[PDB]
Structures are given as structure tokens and as C-alpha cells.
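Chains as they are written, first to last, in the UniProt record's numbering: chain A, 810 to 910; chain B, 2 to 210; chain C, 1163 to 1195, 1207 to 1263, 1280 to 1415; chain D, 709 to 758; chain E, 961 to 1061; chain F, 12 to 124.
The next block holds one structure in the form of C-alpha cells; read it before the comments.
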Amino acid sequence: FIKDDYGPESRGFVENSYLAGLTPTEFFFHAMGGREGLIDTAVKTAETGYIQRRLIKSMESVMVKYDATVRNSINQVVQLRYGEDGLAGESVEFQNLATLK
Amino acid sequence: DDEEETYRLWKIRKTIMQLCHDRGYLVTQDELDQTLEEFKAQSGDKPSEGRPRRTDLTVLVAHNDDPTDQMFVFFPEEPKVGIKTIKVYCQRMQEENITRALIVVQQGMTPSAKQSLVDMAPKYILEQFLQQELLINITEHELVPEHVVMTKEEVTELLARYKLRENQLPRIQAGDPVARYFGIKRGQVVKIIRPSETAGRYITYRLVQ
Amino acid sequence: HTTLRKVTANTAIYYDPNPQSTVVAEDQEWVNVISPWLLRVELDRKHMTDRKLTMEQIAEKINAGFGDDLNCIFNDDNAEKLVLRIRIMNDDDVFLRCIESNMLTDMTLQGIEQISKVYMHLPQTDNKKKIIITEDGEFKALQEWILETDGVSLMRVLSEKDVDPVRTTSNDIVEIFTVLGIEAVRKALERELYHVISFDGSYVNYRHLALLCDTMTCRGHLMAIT
Amino acid sequence: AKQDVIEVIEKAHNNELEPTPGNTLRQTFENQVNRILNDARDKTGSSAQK
Amino acid sequence: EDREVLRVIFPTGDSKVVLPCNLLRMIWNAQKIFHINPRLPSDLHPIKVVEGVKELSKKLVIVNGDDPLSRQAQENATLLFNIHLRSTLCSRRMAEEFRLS
Amino acid sequence: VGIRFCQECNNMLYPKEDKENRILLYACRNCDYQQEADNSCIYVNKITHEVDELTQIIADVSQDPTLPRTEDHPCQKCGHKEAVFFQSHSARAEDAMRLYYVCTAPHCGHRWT
Ligand SMILES: [Zn+2]
Ligand SMILES: [Zn+2]
């Protein structure tokens, strides 16, 4: 390419389809694009797993006692009722408040 | 520069009156919500070299349930107030029967005067505020829920109801703006009412520590 | 935030034995009239009329900041050139260059300190748009101007004329903690942590976000999960 | 779309491009080019779908 | 009164909410089980609707006990679901829309 | 600017005041050599850095095989059709999409924007 070429072809735009095949310059640019996603896949896990473990170790002992209150291992009260309502999260549904609007 | 300072002084007085009303002291409805014009006309529109000198704005208020416990507020003229400038207020405080007062400083207070406030606490429970800190009623913000100061009998009933000791409650430090705005010591439970998107309303309690 | 650097064009120092000599051809100085050393600075009208300043304000700011160690001779807005000269009334002359760097770095002409760039746009999502209730009990979505910033100085912004002190949020939890309190932090933290999850379009039950925000705040201070 | 990008470049070269408020000359040039190319891709995709 | 409370709880216009059991679907299920035929005048007495909704709201308890603190907590912990339940099991709505027997 | 070395010992002259006459003089730190000033100016600082790149453009760049060349813009000096054009490199440039033209023909060396 000419120096200082800002056109679509000179900066990565691929005007061909996967049925019509790619020109060599477009092929290399497409490789450059796919490399970025392939790198992020490996990099992301080392952060997500660390965040996962760190989150769990802080809350691992919080449970619902027989008062229906939510306490940690040292009986400090976190929530008076689980979720502000005392209901399990796997039996609820999306609904509409008819009287609001 | 006088209109800005007058506006700044009017807002400080308005927030102070709102604070006194929320804290339980008796304040007339006229003073609770007065426009800038009444303030401008009352005290004279001249913050620098004029009639509305920072001496001349002291609110002496009295509690609702008897007119004996009374609170002053003081707006010192010096930017950085010191011990010599707070002993005058201490002399005024012992001269009267009043037991607590507020100081709204223009700049930060010297550490020596802060120690003086601390070490006289049991006799006179007086605290400080910053002028910049008092230009907005932070209780009006949408993030801050409703705060209520529980009474000792109510706290005893609550602990007996849930059968939990004092230290098992969630706690709030005495230095955060809301607790400071209400002026509450440690070992004083605070009710917090907030709207809950799951249940409707939710009531929580915070023990000052 | 606006330092003098933003609205200035260039600077130059001269050694001008008489204030009335006017080595530079400036009739504004001739009508306006002790150190022979002086500084000159030219501004540009673009950035000055954009921020709507006056030379009198600049002179007042200089006189206030540097406490009558120095004086300003400013050209009127009438002439095409935005000129002003600086002297020193009674470690000789390099001090003048030092204070020029100081006044350039740090003279706060307009705005407040911690805030670099401020944007402006009309919102599109209903949750940023103002919502009212009409006389017929409707919920019409109003469209009003909002400003997103690039710094954070929540207190000096809230305590300003015509800013709406009820809805102004900052995405910094620490600043909210220092200004609004622990419970405001619990709400703001839930909002921010819900935004980063629902931005993808995914849905997470509110019970878990609430529980996480509770364990991080139930001690009266921000307990970071580390 | 390619012709539209070319004439945008021509405007930018002749200083005929006015920067978007809140944006710089490079940023707005980049934004305009991306806008044209994204619109072209969306239109071509819709045509293929139909 | 419930309408006013909902408007202050939800400044955002959307009524989409998450609640314990799908009332509209239960109404539809009842219609199909008992062959309602919403073409004839209904048999349900409008006062039975009110006196049954009140009794049901008593039945659903999250915070146990009878002291004023417990009753206030129970009222707060079920407020939204009660609003929805009353706003859908109306006397007008039941008589005109669902035609339940 | 006019930064001027000492004639005798070849060193930078420093500005100085002759207080008796209040006159700017350039004096060596090492010998007593002194000179009278001709610019009253000592320190000049272009903060906006509105730099004219045409000073730094070299005609030899016209020999670059990788640069684009056009005939639509003719030279204003010699009227030659062929001219090579390129953009600025520095971030400090006041115009981002500023195009600089160098005459392609040998020894015209005309450079414009
Ligand atoms: Zn020499
Ligand atoms: Zn030529």
C-alpha cells in the first residue's frame, strides 16, 4: 500500500464473502482479527477464575438459619429475610403490575 | 463578590434549619422554608463589611418535648478556627444552661481545637461541620434512604424480639455523613427504611460503632 | 477545569527599562499609563469567547492568587489582539520565569479542579430520561439535558447553583462513601454491579446482587473482597 | 459505500471536515468512516437475508 | 392507596416485576378446568371475592408472630405481592374479565 | 532567539543586567567578555506549538518510491504537474489531515500545503 492510505481496503475492510474467498491482503488482515479473539480467550480465564474463587471465599459461610434470617458463621445478621422477601429464587416468575400504568 | 456569599450563607442556614427539624428540635414553619428574599431583607445583603456579619446568625433552638435542652450553632469569622476562638463559645456555653452546640467552620479546624472538642465531650457534647459539607441536605438525595433514630426502649424491644445480642446487628460508623448529620453517639441503633424492588419495603437496623 | 494554558497563544519575556518606553508598539499601554523586566503573553479569541471570560476577571484572579506581588496591564477586548503585560513592584529575573510556569500550570480560570472534560447530550434510554406524572396519571418520558464528566468532585458539583442535587450520581463508590454514607454506597454499588451484568442483556436474580452488596457493607465500612 | 468513504477522505484532505463537538478531527473522521462501512455491511446483510 | 405506593416504589415506568406464583396463568387454568364459558352471567357473588382475598392475605405469612414489630415486618415483607394479588383479584375485574364461578 | 557564543573562549553567553544603565548584556561566565543585546527577548515559549512543518520538509523526500504522487495540484512556482504529497508525523501538528506537497521535478524544491 501507498503511505497514508486510509481507504477501506488499506485498513482492513473485507469486501469479499467466505464463498468468494479472500484476497491475500484481506486474508492476512482476517488472521490479525481472529488472533485477537483467540488471545482474549486464554487471557480472560486467569482473571475470571481468580474473581470466582475470591468471591466465594468471602460468602461461603452465609446461610439461612431457622429464624428465616440470613447470618454468617459468627451469627452476625446480614439480612433479616433472604432476598428482602424470604422466598427462594427458583420458584418466582416474571409478571406485570396491572394497576401501575 | 457578595451575591454568591449571600446565596452560600442562605443555603447553609436552610440546611441547618432542616437539620434541626430532623434532629427533633422545634423550628417554626416560616424559618424552615424561607426564600432568599426574606434572608436578603432580614439580614441586609452585605456578607463582607456589613450587617450580616458571621457573629449575627446564631440559631438558638430548643427541643420539642421540653424547652430546657437547647442547641446553639456558631459560624466563626476566622477561616481556620482555633482554641482561643472556641473558648469564647465554651464561655458562652457555661454562661448559659445549654449543653450542646454546633460549629460550622469555613476552613478545616486545627487539630488542637479538635482535641479540645473531644476531651470536654461528657460535659458538652458539641460537634463541628464544614461550610462546604453543609451546602446540600444529603438526606434529600435519591440514594440515601430514610433514617430514624431508635429509642432505648425500642432497641430493647427489638433485641428481645429477634433474640440477638447488641453486636450481632449490622453496624454503621459514627463518622459517616448521615450519622454525623443526625448527631448520634455509639451504642445507638438506627432504623433504615428503604424501598425494595423484591418485597415492597424493607426495614434494617444499624448499630452505631 | 480551565487553566490559562488552554486560552493562551504564546509568551515572551523582555527587558524594557522604562514602562512608558513601550519597546513593543502598543498604544493601549500608552493610554493606560517598579521593574524594567516584564513579561508579555498573547491569548487567542477562539478559546476565550468559547469560555466567555473577561480580561478583568483574569487580572482579578492573578491579583488574588499572587497577592499583589505583581500587576497586570491588559488590552481592551476592542483590539484584535488579546495582550496583557506583567511587572513586579518592589533571584532577580529567573523567578519571573518560575512564576510564569507556576501560573500557567495551576491558575484556575473557570470550573473546578479534578474535572478535565465535560460532555453534553440528550439521553435516549428512559432510565436516564426524566420521568414525571401528568394530571391524568400518565408517565410521559421527558427529554432534558444531562452532562457526563470525566473527573469526579461530587461535593463541589452538588453544592452549585442550578445543578439538580437529588439525582446526580458518580460511578466511584469511594466518593459516594465519603459524601453520602454507607447506605447510599449499598444502593449505588448495587446499581453499578447490576449495570455491568445487564449490559450484556443477561439477567441475574436480584437476590444475589443484594446479598453480595450486603456482605460488602454490613460492617459500616467498605469491605473490599480481597 | 466505497465511493462515500473516498469523498469523505477528499473532504478531510481539503480541511472541509468540521469536527464533531466533543470529538477531535481524527476521531470524527474515524467515526464517519466506521459509520459508512457499518451501514454498508448491514444493508448487504439485509439484502442477502431477503 | 396501593397504586400510590407502587408509583413511589417504581419511578421507572415499566411494571415488569418478579413475583412468587403466576396469577394470570392460575386464572386461565381455573377457567379451563371448570369450563367457565365467559358468555353467560357469572355466579360468583362480588363480596365473596373481597372476603376471600382478605382471608388469603392473612394465610400468607413470611414473618411469624403477633407483636406490632412482627406484624409490621410481615406487612412489609409481602407488600408487593399483596398489591399484585389485590390488583388482579378485583371484584370488577373478576366479574367482567375472568368470569370465574 | 539569537543564542550567541563567547568570541574568545567559545562558551554560551548568559544574559545579565547592567544595573547602573539598566541595559541587557550577554556576558561569559569564564572571561569578562561582554556584548550589548539586540533582542530584548531572552525566553520565548510557544505553548500551542503552532509549528510550520514546511520548514522541516526536505525536497529529497521526492525520491521516495513509496509515496503517492499526483498531477491535479500543480506547482505555483514552475507550474510543473507532478508533485508528491504526504501527511504530518508529529502529534503536535495543528491540523491532523494536513497534506504537504513537494514538487517532483529536480531543483524546484517548492514545498507548500
Ligand atoms: Zn568567554
Ligand atoms: Zn515546481
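Every residue, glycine too, gets a C-beta built ideally from N, C-alpha and C.
Beta-carbon spacing of residue i, residue j below 9 Å
i	j	result
residue 165 (chain F)	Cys20 (chain F)	Examination of residue 165 (chain F) is not possible in this model, given that chain F is present from 12 through 124 alone.
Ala877 (chain A)	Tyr891 (chain A)	yes
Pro146 (chain B)	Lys1376 (chain C)	yes
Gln71 (chain B)	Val106 (chain B)	no
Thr1164 (chain C)	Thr1294 (chain C)	no
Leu1039 (chain E)	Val965 (chain E)	yes
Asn1251 (chain C)	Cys1245 (chain C)	no
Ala175 (chain B)	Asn1036 (chain E)	no
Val1214 (chain C)	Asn1263 (chain C)	no
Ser882 (chain A)	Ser870 (chain A)	yes
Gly1326 (chain C)	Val179 (chain B)	no
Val55 (chain F)	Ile1175 (chain C)	yes
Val28 (chain B)	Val62 (chain B)	yes
Residue i to residue j span [Cα, whole Å]
i	j	result
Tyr875 (chain A)	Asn989 (chain E)	35 Å
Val978 (chain E)	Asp31 (chain B)	45 Å
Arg1046 (chain E)	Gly1012 (chain E)	11 Å
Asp46 (chain B)	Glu4 (chain B)	8 Å
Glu824 (chain A)	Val716 (chain D)	19 Å
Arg9 (chain B)	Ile104 (chain B)	16 Å
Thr1048 (chain E)	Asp1003 (chain E)	19 Å
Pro817 (chain A)	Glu738 (chain D)	11 Å
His1397 (chain C)	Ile58 (chain F)	54 Å
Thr834 (chain A)	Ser73 (chain F)	27 Å
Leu1336 (chain C)	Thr1367 (chain C)	22 Å
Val1355 (chain C)	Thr1314 (chain C)	19 Å
residue 1 (chain B)	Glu158 (chain B)	Past the edges of chain B, shown from 2 to 210, lies residue 1 (chain B), and the structure says nothing about it.
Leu65 (chain F)	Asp1351 (chain C)	49 Å
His721 (chain D)	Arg734 (chain D)	12 Å
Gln1032 (chain E)	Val1023 (chain E)	9 Å
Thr69 (chain B)	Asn168 (chain B)	34 Å
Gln740 (chain D)	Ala116 (chain F)	36 Å
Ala1330 (chain C)	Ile1320 (chain C)	5 Å
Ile714 (chain D)	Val1385 (chain C)	38 Å
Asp57 (chain B)	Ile126 (chain B)	23 Å
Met108 (chain F)	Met110 (chain B)	55 Å
Residue i: CB within 8 Å of a non-hydrogen atom of ligand 1
i	result
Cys114 (chain F)	no
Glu1188 (chain C)	no
Host beta strand (DSSP E) of residue i (start-end)
i	result
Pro112 (chain B)	That residue, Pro112 (chain B), is in no beta strand (DSSP E); its alpha helix (DSSP H) goes 112-120.
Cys1245 (chain C)	1244-1247
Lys751 (chain D)	No beta strand (DSSP E) holds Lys751 (chain D); the alpha helix (DSSP H) holding it covers 733-757.
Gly1012 (chain E)	Per DSSP, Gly1012 (chain E) belongs to no beta strand (DSSP E); it is in the alpha helix (DSSP H), 1006-1019.
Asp29 (chain F)	25-29
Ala1171 (chain C)	1170-1177
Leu61 (chain B)	61-64
Residue i beta carbon near ligand 2 (any heavy atom closer than 8 Å)
i	result
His91 (chain F)	yes
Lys1225 (chain C)	no
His84 (chain F)	no
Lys88 (chain F)	yes
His121 (chain F)	yes
Range covered by the alpha helix (DSSP H) that runs through residue i
i	result
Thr7 (chain B)	4-24
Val1385 (chain C)	1371-1387
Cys1402 (chain C)	1395-1404
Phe836 (chain A)	833-868
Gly184 (chain B)	Premise fails: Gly184 (chain B) is in no alpha helix (DSSP H) and is neither H nor E.
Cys91 (chain B)	84-96
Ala42 (chain B)	37-44
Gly892 (chain A)	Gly892 (chain A) -> no alpha helix (DSSP H), and no H or E assigned at all.
Any residues in the stretch 875-909 of chain A with a beta carbon nearer than 8 Å to a beta carbon of chain G? Which ones, in chain order?
-> Absence of chain G from the displayed structure is noted, the protein chains being A, B, C, D, E and F.
In chain order, what are the residues with a CB under 6 Å from some non-hydrogen atom of ligand 1?
-> Those residues are F:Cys17, F:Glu19, F:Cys20, F:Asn22, F:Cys39, F:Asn41, F:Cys42, F:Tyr44, given in chain order.
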